Amino acid sequence: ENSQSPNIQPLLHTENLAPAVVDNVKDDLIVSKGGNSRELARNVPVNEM
Amino acid sequence: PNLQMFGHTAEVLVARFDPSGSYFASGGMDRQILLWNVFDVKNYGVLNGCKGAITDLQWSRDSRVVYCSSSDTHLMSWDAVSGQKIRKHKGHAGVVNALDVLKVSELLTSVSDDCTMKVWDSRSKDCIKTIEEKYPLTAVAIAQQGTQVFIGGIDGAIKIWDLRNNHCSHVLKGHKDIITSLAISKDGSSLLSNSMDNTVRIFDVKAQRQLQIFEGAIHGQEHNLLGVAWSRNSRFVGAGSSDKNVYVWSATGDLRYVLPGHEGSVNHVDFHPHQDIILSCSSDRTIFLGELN
Amino acid sequence: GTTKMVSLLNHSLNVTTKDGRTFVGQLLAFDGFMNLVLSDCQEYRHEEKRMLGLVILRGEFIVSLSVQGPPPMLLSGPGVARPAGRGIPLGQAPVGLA
């Protein structure tokens, strides 16, 4: 009972820490990259800017 | 996109959408209100006549009649379908600074440098009421109910007046200096306010204390009246500043979007009624439509 | 005077006469004697009706008047748009100071 529960919770939570962080960071850089170098055409939050 | 449309000759002040979300109107020192489309972003009528510079537009809630607040006492009225004059609401003995409208498009409130608030009917051509304070007034807002009218002056004291009583019911406190724009939510439950202390404070309508003091949007020597708005949800707050930046807040007390783009001081920021767009105007003669995907 | 009477022009009217009969239709022409001209007229003698057409009543014959229904029925300014851009300023602080 305790062994099967610990496997499913680790599977649900830990899976998004690796690829989803890098994929969203790349899409954040890509919108800024498509925005050019000296003109923020992508409307990003102040912290990410 | 963003869309930075050019058109005006001189400092533009006010730019607003219809209640529907299908047009802009804009007009400042030009003495020319210039109507626009939203979705092929082209001009329409050159509403010509105002012999003072414009300080405030507001669409009638029919999306047809437009109202101005010139620097020569007039408050004009325009048929946005045809583009003809209707009236010249002649009253004040000085420069008007703000306007506000109701649900019922019939009643209007204006604010002079005579220290006089005045409520207008769109049928009489004269004043219904005349509330004389003392120091020249600047910003006004009327509630959705058609009951409470908020006045903003030079004392930093946003006074509240009803249409039945006409008594100094309540006075907002803790604002050290100058008010440039009031703004009631789409609930009728809270104001926004730009002071010259750069504290873009929110207030309550009913107990009547503060909510959240926002801080980070400077006014300086220019002495333009800067604006604030409530977003269609009432999640976001959009305050412009003389730092060329549109400081959008999170309404939880967090700066999210701070987008530059203008080369001069910003005036009246707005929001579209449904889709997330931001009208931002500035002495510069330019205007943006900042979006969120 | 007759300022009010011009305001009624081209409205569907309900006109009671001294006989009791009541005519109905739009108002095309009007007089100083209150001669009315009426278009597409219908008497209601009283559960009754008749079609006449164009009717010209005298002043003697008319009693009262009453509206049934309402009257029947800047090209492009200088402004131009552009696309995007959103330049960053090196400096901060207000516009006039420096």
# chains A, B, ... in the order shown; residues from 1 in each chain; ligands from 1
$ interface_residues --of "chain B" --to "chain C" --cutoff "7 Å" --atoms "only C-alpha atoms" --output "PDB file with N, CA and C atoms, in the first residue's frame"
ATOM      1  N   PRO B   1       0.961  41.598 -32.604  1.00  0.00           N
ATOM      2  CA  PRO B   1       1.485  42.900 -33.022  1.00  0.00           C
ATOM      3  C   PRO B   1       1.553  43.933 -31.882  1.00  0.00           C
ATOM      4  N   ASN B   2       1.805  45.193 -32.239  1.00  0.00           N
ATOM      5  CA  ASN B   2       1.788  46.313 -31.288  1.00  0.00           C
ATOM      6  C   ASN B   2       1.048  47.536 -31.820  1.00  0.00           C
ATOM      7  N   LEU B   3       1.373  47.947 -33.043  1.00  0.00           N
ATOM      8  CA  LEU B   3       0.677  49.043 -33.727  1.00  0.00           C
ATOM      9  C   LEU B   3       0.831  50.408 -33.049  1.00  0.00           C
ATOM     10  N   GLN B   4       1.841  51.148 -33.505  1.00  0.00           N
ATOM     11  CA  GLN B   4       2.142  52.487 -33.024  1.00  0.00           C
ATOM     12  C   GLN B   4       1.674  53.514 -34.055  1.00  0.00           C
ATOM     13  N   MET B   5       0.378  53.812 -34.053  1.00  0.00           N
ATOM     14  CA  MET B   5      -0.198  54.703 -35.070  1.00  0.00           C
ATOM     15  C   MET B   5       0.087  56.190 -34.828  1.00  0.00           C
ATOM     16  N   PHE B   6       0.447  56.870 -35.918  1.00  0.00           N
ATOM     17  CA  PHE B   6       0.752  58.298 -35.937  1.00  0.00           C
ATOM     18  C   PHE B   6      -0.431  59.037 -36.546  1.00  0.00           C
ATOM     19  N   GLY B   7      -0.578  60.320 -36.235  1.00  0.00           N
ATOM     20  CA  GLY B   7      -1.693  61.084 -36.796  1.00  0.00           C
ATOM     21  C   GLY B   7      -1.869  62.506 -36.302  1.00  0.00           C
ATOM     22  N   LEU B  34      -9.861  62.260 -33.357  1.00  0.00           N
ATOM     23  CA  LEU B  34      -9.624  61.372 -34.472  1.00  0.00           C
ATOM     24  C   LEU B  34     -10.097  59.978 -34.095  1.00  0.00           C
ATOM     25  N   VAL B  41      -7.488  49.170 -38.680  1.00  0.00           N
ATOM     26  CA  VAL B  41      -6.686  50.151 -37.957  1.00  0.00           C
ATOM     27  C   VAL B  41      -6.494  51.379 -38.838  1.00  0.00           C
ATOM     28  N   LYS B  42      -7.609  52.019 -39.168  1.00  0.00           N
ATOM     29  CA  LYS B  42      -7.612  53.188 -40.032  1.00  0.00           C
ATOM     30  C   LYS B  42      -8.362  54.309 -39.359  1.00  0.00           C
ATOM     31  N   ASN B  43      -8.109  55.529 -39.807  1.00  0.00           N
ATOM     32  CA  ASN B  43      -8.822  56.677 -39.278  1.00  0.00           C
ATOM     33  C   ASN B  43     -10.217  56.807 -39.865  1.00  0.00           C
ATOM     34  N   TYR B  44     -10.995  57.686 -39.244  1.00  0.00           N
ATOM     35  CA  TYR B  44     -12.340  58.000 -39.682  1.00  0.00           C
ATOM     36  C   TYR B  44     -12.510  59.514 -39.725  1.00  0.00           C
ATOM     37  N   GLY B  45     -13.296  60.043 -38.787  1.00  0.00           N
ATOM     38  CA  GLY B  45     -13.726  61.414 -38.845  1.00  0.00           C
ATOM     39  C   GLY B  45     -12.754  62.313 -38.137  1.00  0.00           C
ATOM     40  N   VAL B  46     -12.652  63.524 -38.659  1.00  0.00           N
ATOM     41  CA  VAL B  46     -11.931  64.570 -38.001  1.00  0.00           C
ATOM     42  C   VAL B  46     -13.006  65.450 -37.381  1.00  0.00           C
ATOM     43  N   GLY B  83     -20.960  62.620 -37.771  1.00  0.00           N
ATOM     44  CA  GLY B  83     -19.846  63.496 -37.423  1.00  0.00           C
ATOM     45  C   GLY B  83     -20.232  64.963 -37.378  1.00  0.00           C
ATOM     46  N   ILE B 218       6.467  57.867 -11.674  1.00  0.00           N
ATOM     47  CA  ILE B 218       6.774  59.231 -11.246  1.00  0.00           C
ATOM     48  C   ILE B 218       6.053  60.288 -12.078  1.00  0.00           C
ATOM     49  N   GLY B 220       6.455  64.596 -12.560  1.00  0.00           N
ATOM     50  CA  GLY B 220       7.473  65.621 -12.324  1.00  0.00           C
ATOM     51  C   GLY B 220       7.022  67.021 -12.784  1.00  0.00           C
ATOM     52  N   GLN B 221       7.897  67.769 -13.457  1.00  0.00           N
ATOM     53  CA  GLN B 221       7.654  69.185 -13.740  1.00  0.00           C
ATOM     54  C   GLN B 221       6.611  69.418 -14.829  1.00  0.00           C
ATOM     55  N   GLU B 222       6.475  68.451 -15.734  1.00  0.00           N
ATOM     56  CA  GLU B 222       5.506  68.522 -16.835  1.00  0.00           C
ATOM     57  C   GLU B 222       4.118  69.002 -16.370  1.00  0.00           C
ATOM     58  N   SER B 242       5.459  59.701 -16.271  1.00  0.00           N
ATOM     59  CA  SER B 242       6.322  60.625 -17.011  1.00  0.00           C
ATOM     60  C   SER B 242       7.736  60.060 -17.194  1.00  0.00           C
ATOM     61  N   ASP B 243       7.890  58.758 -16.954  1.00  0.00           N
ATOM     62  CA  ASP B 243       9.153  58.062 -17.157  1.00  0.00           C
ATOM     63  C   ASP B 243       9.117  57.264 -18.457  1.00  0.00           C
ATOM     64  N   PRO B 260       8.238  50.008 -21.986  1.00  0.00           N
ATOM     65  CA  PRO B 260       8.525  51.321 -22.556  1.00  0.00           C
ATOM     66  C   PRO B 260       8.041  51.383 -24.008  1.00  0.00           C
ATOM     67  N   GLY B 261       8.527  52.354 -24.781  1.00  0.00           N
ATOM     68  CA  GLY B 261       8.166  52.487 -26.197  1.00  0.00           C
ATOM     69  C   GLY B 261       7.962  53.933 -26.605  1.00  0.00           C
ATOM     70  N   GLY B 264       8.302  60.251 -24.937  1.00  0.00           N
ATOM     71  CA  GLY B 264       7.910  61.402 -24.121  1.00  0.00           C
ATOM     72  C   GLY B 264       7.012  60.954 -22.989  1.00  0.00           C
ATOM     73  N   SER B 265       6.458  61.904 -22.241  1.00  0.00           N
ATOM     74  CA  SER B 265       5.666  61.565 -21.058  1.00  0.00           C
ATOM     75  C   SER B 265       4.368  60.903 -21.474  1.00  0.00           C
TER      76      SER B 265
END
$ closest_atom_pairs --of "chain A" --to "chain C" --cutoff "8 Å" --atoms "only C-alpha atoms" --output "CSV"
residue,atom,partner,partner_atom,distance
A:38,CA,C:87,CA,6.4
A:39,CA,C:87,CA,4.4
A:40,CA,C:86,CA,5.4
A:41,CA,C:85,CA,5.7
$ interface_residues --of "chain A" --to "chain B" --cutoff "10 Å" --atoms "only C-alpha atoms" --output "PDB file with C-alpha atoms, in the first residue's frame"
ATOM      1  CA  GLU A  39      13.488  46.703 -29.136  1.00  0.00           C
ATOM      2  CA  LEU A  40      11.373  44.575 -26.733  1.00  0.00           C
ATOM      3  CA  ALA A  41       8.613  43.527 -29.164  1.00  0.00           C
ATOM      4  CA  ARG A  42       7.619  40.579 -26.898  1.00  0.00           C
ATOM      5  CA  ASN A  43       5.590  41.757 -23.897  1.00  0.00           C
ATOM      6  CA  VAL A  44       7.383  39.907 -21.088  1.00  0.00           C
ATOM      7  CA  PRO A  45       7.104  40.488 -17.312  1.00  0.00           C
ATOM      8  CA  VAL A  46       9.609  42.913 -15.737  1.00  0.00           C
ATOM      9  CA  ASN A  47      11.448  40.169 -13.826  1.00  0.00           C
ATOM     10  CA  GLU A  48      11.973  38.026 -16.940  1.00  0.00           C
ATOM     11  CA  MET A  49      12.877  41.060 -19.100  1.00  0.00           C
TER      12      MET A  49
END
$ select_by_dssp --residues "chain C" --states "strand (DSSP E)" --output "PDB file with C-alpha atoms, in the first residue's frame"
ATOM      1  CA  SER C  12     -50.094  58.237 -38.035  1.00  0.00           C
ATOM      2  CA  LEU C  13     -52.952  60.081 -36.304  1.00  0.00           C
ATOM      3  CA  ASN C  14     -56.270  59.269 -34.595  1.00  0.00           C
ATOM      4  CA  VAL C  15     -58.760  62.048 -35.355  1.00  0.00           C
ATOM      5  CA  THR C  16     -62.169  62.161 -33.664  1.00  0.00           C
ATOM      6  CA  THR C  17     -64.867  64.160 -35.456  1.00  0.00           C
ATOM      7  CA  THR C  22     -62.669  58.405 -36.049  1.00  0.00           C
ATOM      8  CA  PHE C  23     -60.260  58.683 -39.005  1.00  0.00           C
ATOM      9  CA  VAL C  24     -56.721  57.250 -38.980  1.00  0.00           C
ATOM     10  CA  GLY C  25     -53.592  57.712 -41.135  1.00  0.00           C
ATOM     11  CA  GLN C  26     -50.532  59.917 -41.721  1.00  0.00           C
ATOM     12  CA  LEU C  27     -50.717  63.710 -41.945  1.00  0.00           C
ATOM     13  CA  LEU C  28     -49.468  65.263 -45.208  1.00  0.00           C
ATOM     14  CA  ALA C  29     -50.854  68.799 -45.110  1.00  0.00           C
ATOM     15  CA  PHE C  30     -52.251  71.133 -42.516  1.00  0.00           C
ATOM     16  CA  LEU C  36     -56.227  68.143 -42.357  1.00  0.00           C
ATOM     17  CA  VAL C  37     -55.132  66.008 -45.247  1.00  0.00           C
ATOM     18  CA  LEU C  38     -54.669  62.340 -44.367  1.00  0.00           C
ATOM     19  CA  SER C  39     -53.112  59.427 -46.281  1.00  0.00           C
ATOM     20  CA  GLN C  42     -59.789  54.253 -42.290  1.00  0.00           C
ATOM     21  CA  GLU C  43     -62.990  55.175 -40.440  1.00  0.00           C
ATOM     22  CA  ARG C  50     -63.836  51.103 -44.319  1.00  0.00           C
ATOM     23  CA  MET C  51     -61.023  51.948 -46.782  1.00  0.00           C
ATOM     24  CA  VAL C  55     -59.237  62.339 -47.226  1.00  0.00           C
ATOM     25  CA  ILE C  56     -59.489  66.095 -46.748  1.00  0.00           C
ATOM     26  CA  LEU C  57     -61.451  67.067 -43.621  1.00  0.00           C
ATOM     27  CA  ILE C  62     -62.768  67.978 -36.373  1.00  0.00           C
ATOM     28  CA  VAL C  63     -62.834  67.594 -32.557  1.00  0.00           C
ATOM     29  CA  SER C  64     -59.539  66.149 -31.299  1.00  0.00           C
ATOM     30  CA  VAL C  67     -50.716  60.416 -32.373  1.00  0.00           C
ATOM     31  CA  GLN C  68     -50.956  56.666 -32.937  1.00  0.00           C
ATOM     32  CA  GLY C  69     -47.352  56.025 -33.990  1.00  0.00           C
TER      33      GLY C  69
END
$ atom_distance --atom1 "atom CA of residue B:110" --atom2 "atom CA of residue B:98"
5.6 Å
$ closest_residue --among "B:233, B:199, B:275, B:280" --to "residue B:245" --atoms "only C-alpha atoms"
B:280
$ atom_distance --atom1 "atom CA of residue B:188" --atom2 "atom CA of residue B:281"
25.4 Å
$ select_by_dssp --residues "chain A" --states "helix (DSSP H, G or I)" --output "ChimeraX atom specification"
/A:4-16,19-34
$ residues_around --residues "residue B:140" --least-positions-apart "6" --cutoff "10 Å" --atoms "only C-alpha atoms" --output "NGL selection string"
:B and (97-100 or 109-111 or 117 or 149-153 or 158-160 or 179-184)
$ write_last_selection --atoms "N, CA, C and O atoms" --output "short mmCIF file (atom, residue, chain, number, x, y, z; two decimals), in the first residue's frame"
data_model
loop_
_atom_site.label_atom_id
_atom_site.label_comp_id
_atom_site.auth_asym_id
_atom_site.auth_seq_id
_atom_site.Cartn_x
_atom_site.Cartn_y
_atom_site.Cartn_z
N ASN B 97 -11.33 70.03 -16.90
CA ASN B 97 -10.26 69.04 -16.77
C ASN B 97 -10.67 67.56 -16.83
O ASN B 97 -9.86 66.73 -17.23
N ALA B 98 -11.90 67.23 -16.42
CA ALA B 98 -12.36 65.84 -16.50
C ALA B 98 -13.85 65.70 -16.82
O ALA B 98 -14.64 66.62 -16.62
N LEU B 99 -14.21 64.53 -17.35
CA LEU B 99 -15.60 64.19 -17.65
C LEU B 99 -15.94 62.80 -17.15
O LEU B 99 -15.04 61.98 -16.97
N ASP B 100 -17.23 62.53 -16.94
CA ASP B 100 -17.74 61.19 -16.59
C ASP B 100 -19.21 61.00 -16.99
O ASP B 100 -19.98 61.96 -17.01
N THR B 109 -20.66 64.72 -15.81
CA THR B 109 -20.03 65.57 -14.80
C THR B 109 -18.72 66.15 -15.29
O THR B 109 -17.89 65.44 -15.83
N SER B 110 -18.54 67.44 -15.04
CA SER B 110 -17.33 68.14 -15.45
C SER B 110 -16.73 68.91 -14.29
O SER B 110 -17.38 69.17 -13.27
N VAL B 111 -15.46 69.28 -14.47
CA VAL B 111 -14.62 69.74 -13.38
C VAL B 111 -13.71 70.85 -13.89
O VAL B 111 -12.87 70.64 -14.78
N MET B 117 -17.67 71.74 -9.49
CA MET B 117 -18.18 70.53 -10.09
C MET B 117 -19.53 70.89 -10.66
O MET B 117 -20.23 71.75 -10.11
N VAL B 149 -20.64 60.39 -6.70
CA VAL B 149 -19.68 61.08 -7.56
C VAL B 149 -18.45 61.45 -6.75
O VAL B 149 -18.55 62.09 -5.71
N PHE B 150 -17.28 61.06 -7.26
CA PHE B 150 -16.03 61.25 -6.56
C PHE B 150 -15.28 62.43 -7.15
O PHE B 150 -15.14 62.52 -8.37
N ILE B 151 -14.80 63.32 -6.30
CA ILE B 151 -14.07 64.51 -6.74
C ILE B 151 -12.63 64.44 -6.26
O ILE B 151 -12.37 64.04 -5.12
N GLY B 152 -11.70 64.84 -7.12
CA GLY B 152 -10.28 64.85 -6.79
C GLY B 152 -9.70 66.23 -7.02
O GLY B 152 -9.82 66.78 -8.11
N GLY B 153 -9.07 66.78 -5.98
CA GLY B 153 -8.57 68.16 -6.02
C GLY B 153 -7.08 68.31 -5.76
O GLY B 153 -6.28 67.41 -6.04
N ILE B 158 -9.81 63.15 -1.82
CA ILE B 158 -10.88 62.69 -2.70
C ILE B 158 -12.19 62.73 -1.94
O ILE B 158 -12.45 61.86 -1.11
N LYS B 159 -13.01 63.74 -2.21
CA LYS B 159 -14.30 63.89 -1.54
C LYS B 159 -15.37 63.08 -2.25
O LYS B 159 -15.29 62.85 -3.46
N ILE B 160 -16.38 62.65 -1.50
CA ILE B 160 -17.47 61.84 -2.04
C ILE B 160 -18.81 62.53 -1.79
O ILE B 160 -19.09 62.97 -0.67
N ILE B 179 -4.28 64.95 -7.35
CA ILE B 179 -4.93 63.84 -8.03
C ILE B 179 -5.10 64.13 -9.52
O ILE B 179 -5.63 65.18 -9.90
N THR B 180 -4.64 63.21 -10.35
CA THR B 180 -4.72 63.35 -11.82
C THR B 180 -5.77 62.47 -12.51
O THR B 180 -6.16 62.78 -13.64
N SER B 181 -6.22 61.39 -11.88
CA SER B 181 -7.32 60.60 -12.44
C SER B 181 -7.95 59.61 -11.46
O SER B 181 -7.25 58.75 -10.91
N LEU B 182 -9.26 59.73 -11.27
CA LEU B 182 -10.03 58.75 -10.51
C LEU B 182 -10.48 57.67 -11.48
O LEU B 182 -10.41 57.85 -12.70
N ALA B 183 -10.95 56.55 -10.94
CA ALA B 183 -11.41 55.44 -11.78
C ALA B 183 -12.12 54.37 -10.95
O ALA B 183 -11.49 53.65 -10.18
N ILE B 184 -13.43 54.27 -11.15
CA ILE B 184 -14.24 53.28 -10.46
C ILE B 184 -14.22 51.97 -11.23
O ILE B 184 -14.30 51.96 -12.45
#
$ residues_around --residues "residue B:144" --least-positions-apart "4" --cutoff "12 Å" --atoms "only C-alpha atoms" --output "PDB file with C-alpha atoms, in the first residue's frame"
ATOM      1  CA  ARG B  61     -22.951  54.004 -23.785  1.00  0.00           C
ATOM      2  CA  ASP B 100     -17.744  61.191 -16.594  1.00  0.00           C
ATOM      3  CA  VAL B 101     -20.879  59.430 -17.886  1.00  0.00           C
ATOM      4  CA  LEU B 102     -23.703  57.116 -16.681  1.00  0.00           C
ATOM      5  CA  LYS B 103     -25.686  54.060 -17.882  1.00  0.00           C
ATOM      6  CA  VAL B 104     -28.981  55.927 -18.140  1.00  0.00           C
ATOM      7  CA  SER B 105     -25.346  58.518 -21.546  1.00  0.00           C
ATOM      8  CA  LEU B 107     -25.902  62.636 -17.263  1.00  0.00           C
ATOM      9  CA  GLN B 148     -21.973  58.537  -5.874  1.00  0.00           C
ATOM     10  CA  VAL B 149     -19.680  61.080  -7.564  1.00  0.00           C
ATOM     11  CA  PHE B 150     -16.026  61.247  -6.558  1.00  0.00           C
ATOM     12  CA  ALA B 183     -11.410  55.442 -11.777  1.00  0.00           C
ATOM     13  CA  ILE B 184     -14.245  53.281 -10.457  1.00  0.00           C
ATOM     14  CA  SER B 185     -14.072  49.533 -11.076  1.00  0.00           C
ATOM     15  CA  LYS B 186     -16.540  47.565 -13.211  1.00  0.00           C
ATOM     16  CA  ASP B 187     -18.056  46.446  -9.884  1.00  0.00           C
ATOM     17  CA  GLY B 188     -18.643  49.886  -8.373  1.00  0.00           C
ATOM     18  CA  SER B 189     -16.558  48.775  -5.402  1.00  0.00           C
ATOM     19  CA  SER B 190     -13.169  50.538  -5.582  1.00  0.00           C
ATOM     20  CA  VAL B 205     -16.405  52.602  -1.954  1.00  0.00           C
TER      21      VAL B 205
END
$ decode --residues "chain A" --atoms "C-alpha atoms" --output "PDB file, in the first residue's frame"
ATOM      1  CA  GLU A   1       0.000   0.000   0.000  1.00  0.00           C
ATOM      2  CA  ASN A   2       2.765   2.455   0.985  1.00  0.00           C
ATOM      3  CA  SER A   3       5.197   1.421  -1.793  1.00  0.00           C
ATOM      4  CA  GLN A   4       2.762   1.934  -4.698  1.00  0.00           C
ATOM      5  CA  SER A   5       1.672   5.356  -3.367  1.00  0.00           C
ATOM      6  CA  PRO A   6       5.264   6.656  -3.111  1.00  0.00           C
ATOM      7  CA  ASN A   7       5.997   5.703  -6.741  1.00  0.00           C
ATOM      8  CA  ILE A   8       2.904   7.394  -8.234  1.00  0.00           C
ATOM      9  CA  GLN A   9       3.394  10.692  -6.352  1.00  0.00           C
ATOM     10  CA  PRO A  10       7.067  10.958  -7.357  1.00  0.00           C
ATOM     11  CA  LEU A  11       5.979  10.222 -10.943  1.00  0.00           C
ATOM     12  CA  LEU A  12       3.328  12.975 -10.915  1.00  0.00           C
ATOM     13  CA  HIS A  13       5.409  15.752  -9.293  1.00  0.00           C
ATOM     14  CA  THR A  14       9.071  15.327 -10.314  1.00  0.00           C
ATOM     15  CA  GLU A  15       8.476  14.856 -14.071  1.00  0.00           C
ATOM     16  CA  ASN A  16       8.025  18.560 -14.954  1.00  0.00           C
ATOM     17  CA  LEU A  17      11.208  19.896 -13.273  1.00  0.00           C
ATOM     18  CA  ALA A  18      13.569  19.087 -16.185  1.00  0.00           C
ATOM     19  CA  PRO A  19      12.179  19.446 -19.736  1.00  0.00           C
ATOM     20  CA  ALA A  20       9.253  21.823 -19.078  1.00  0.00           C
ATOM     21  CA  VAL A  21      11.616  24.367 -17.462  1.00  0.00           C
ATOM     22  CA  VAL A  22      14.041  24.268 -20.416  1.00  0.00           C
ATOM     23  CA  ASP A  23      11.266  24.236 -23.062  1.00  0.00           C
ATOM     24  CA  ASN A  24       9.481  27.271 -21.568  1.00  0.00           C
ATOM     25  CA  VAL A  25      12.830  29.072 -21.115  1.00  0.00           C
ATOM     26  CA  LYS A  26      13.634  28.470 -24.807  1.00  0.00           C
ATOM     27  CA  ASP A  27      10.188  29.724 -25.889  1.00  0.00           C
ATOM     28  CA  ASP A  28      10.770  32.768 -23.640  1.00  0.00           C
ATOM     29  CA  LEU A  29      14.152  33.367 -25.311  1.00  0.00           C
ATOM     30  CA  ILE A  30      12.665  32.724 -28.783  1.00  0.00           C
ATOM     31  CA  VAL A  31       9.989  35.424 -28.423  1.00  0.00           C
ATOM     32  CA  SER A  32      12.721  37.795 -27.213  1.00  0.00           C
ATOM     33  CA  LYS A  33      14.947  36.611 -30.100  1.00  0.00           C
ATOM     34  CA  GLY A  34      12.177  37.213 -32.668  1.00  0.00           C
ATOM     35  CA  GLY A  35      11.802  40.626 -30.981  1.00  0.00           C
ATOM     36  CA  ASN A  36      15.347  41.559 -32.235  1.00  0.00           C
ATOM     37  CA  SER A  37      18.216  42.995 -30.112  1.00  0.00           C
ATOM     38  CA  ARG A  38      17.314  46.590 -29.053  1.00  0.00           C
ATOM     39  CA  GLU A  39      13.488  46.703 -29.136  1.00  0.00           C
ATOM     40  CA  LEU A  40      11.373  44.575 -26.733  1.00  0.00           C
ATOM     41  CA  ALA A  41       8.613  43.527 -29.164  1.00  0.00           C
ATOM     42  CA  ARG A  42       7.619  40.579 -26.898  1.00  0.00           C
ATOM     43  CA  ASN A  43       5.590  41.757 -23.897  1.00  0.00           C
ATOM     44  CA  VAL A  44       7.383  39.907 -21.088  1.00  0.00           C
ATOM     45  CA  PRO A  45       7.104  40.488 -17.312  1.00  0.00           C
ATOM     46  CA  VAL A  46       9.609  42.913 -15.737  1.00  0.00           C
ATOM     47  CA  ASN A  47      11.448  40.169 -13.826  1.00  0.00           C
ATOM     48  CA  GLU A  48      11.973  38.026 -16.940  1.00  0.00           C
ATOM     49  CA  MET A  49      12.877  41.060 -19.100  1.00  0.00           C
TER      50      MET A  49
END
